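One structure is given below, encoded as structure tokens.
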Amino acid sequence: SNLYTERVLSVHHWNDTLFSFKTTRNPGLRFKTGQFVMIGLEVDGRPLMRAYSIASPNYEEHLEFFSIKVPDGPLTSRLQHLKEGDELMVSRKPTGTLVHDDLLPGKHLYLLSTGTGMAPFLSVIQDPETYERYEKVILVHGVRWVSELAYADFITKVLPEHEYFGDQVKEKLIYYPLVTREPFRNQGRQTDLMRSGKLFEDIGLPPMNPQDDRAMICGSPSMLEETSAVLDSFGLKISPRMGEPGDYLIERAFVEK
Ligand SMILES: Cc1cc2nc3c(=O)[nH]c(=O)nc-3n(C[C@H](O)[C@H](O)[C@H](O)COP(=O)(O)OP(=O)(O)OC[C@H]3O[C@@H](n4cnc5c(N)ncnc54)[C@H](O)[C@@H]3O)c2cc1C
């Protein structure tokens, strides 16, 4: 059918509610950094499909997904059991609002995420175009528990040594993990820390302004609303719709069903 059937190459569990996996990628699946695609499994005679951000670089011939594990979630109660060699259905045309083209030129790119909302941003931080367009890239990953800080080693130790753009990562990428419920070097919610100015002080950058700062926001619908309001308070204006460049972009990491 119009769905690709890919094969699982590797799986890694981060904790009780998070895991990632890599699959083969059909050469016909083209995507812009930041986009999502429908993926799923055949259940009771029908594909059980859900939107997933593509977490792998768009120039590499494989796909990677960073996923939640919902106890009785229709798709993830099954997806959590993926093993090497298993089949995964993937749709043909990715889409989404978190693309480079919809941000006006600027100096800093803030990637504001909570939970699995960091997924599209994993693609962004591995995209040479990101470093071509910005002086600084700030990946904020807000979670509740330290164990939810998936990809910590990749972001802080592996990516900076990248053979082709590791030096750009060292010079430009700032990683600001945040944890609310356990002791952690950076405590709190990113929205609160931005409103007080503490987030910027911690990372060594000036407060945001509409001329220099751009952002992509990915988290729960409530998180998007609250974070959008914070950026609006600094004078930034959201892209009004896909295709119309603005100061920041937003996309729901999931929906409360
Ligand atoms: C544009 C878009 C991109 C998405 N990208 C991803 C992604 O990269 N990774 C991913 O894991 N999910 C992502 N999601 C959510 C995903 O589509 C499914 O909701 C997820 O795979 C759970 O399916 P389910 O069938 O198990 O549970 P569902 O019935 O879908 O959802 C059950 C409940 O789980 C919670 N839930 C679902 N997904 C999440 C989540 N990711 N984090 C926290 N709580 C959640 C909610 O309380 C929800 O009501 C995305 C959603 C959208 C709209």
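Following Swiss-Prot, chain A residues are numbered 2-258, in order.
This entry, so its header tells us, was determined using X-ray crystallography, 1.5 Å.
Each residue, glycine too, has its Cβ placed from N, Cα and C.
Copied from Swiss-Prot, the annotated features are:
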type    : residues                                                                               : note
DOMAIN  : 2-102                                                                                  : domain 'FAD-binding FR-type'
BINDING : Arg51, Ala52, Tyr53, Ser54, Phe67, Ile69, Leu76, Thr77, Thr117, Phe255, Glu257, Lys258 : FAD binding site
BINDING : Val144, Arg145, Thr181, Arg182, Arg190, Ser223, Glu227, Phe255, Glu257                 : NADP(+) binding site
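Among the binding-site residues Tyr53, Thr117, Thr181, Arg190, the ones whose Cβ sits under 6 Å from an atom of ligand 1 are, in sequence order, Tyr53, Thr117.
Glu257 (FAD binding site) falls within neither a helix nor a strand when secondary structure is assigned with DSSP, and so counts as coil.
Secondary structure at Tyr53 (FAD binding site), as computed by DSSP, is strand. Around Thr117 (FAD binding site), the same-chain residues at least 6 positions away in sequence with a Cβ under 8 Å from its Cβ are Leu19, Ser54, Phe67, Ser68, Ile69, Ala254, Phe255.
Taking only the Cα positions, the spacing between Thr181 (NADP(+) binding site) and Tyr53 (FAD binding site) is 25 angstrom.
Listed binding-site residues near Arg51 (FAD binding site): none (candidates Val144, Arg190, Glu227; Cα-Cα distance within 10 Å).
Among the residues the record lists as binding FAD, namely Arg51, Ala52, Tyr53, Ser54, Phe67, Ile69, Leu76, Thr77, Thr117, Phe255, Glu257, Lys258, the two farthest apart have Cα atoms separated by 20 Å. On the backbone, the CA of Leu76 (FAD binding site) and the CA of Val144 (NADP(+) binding site) stand 23 Å apart.
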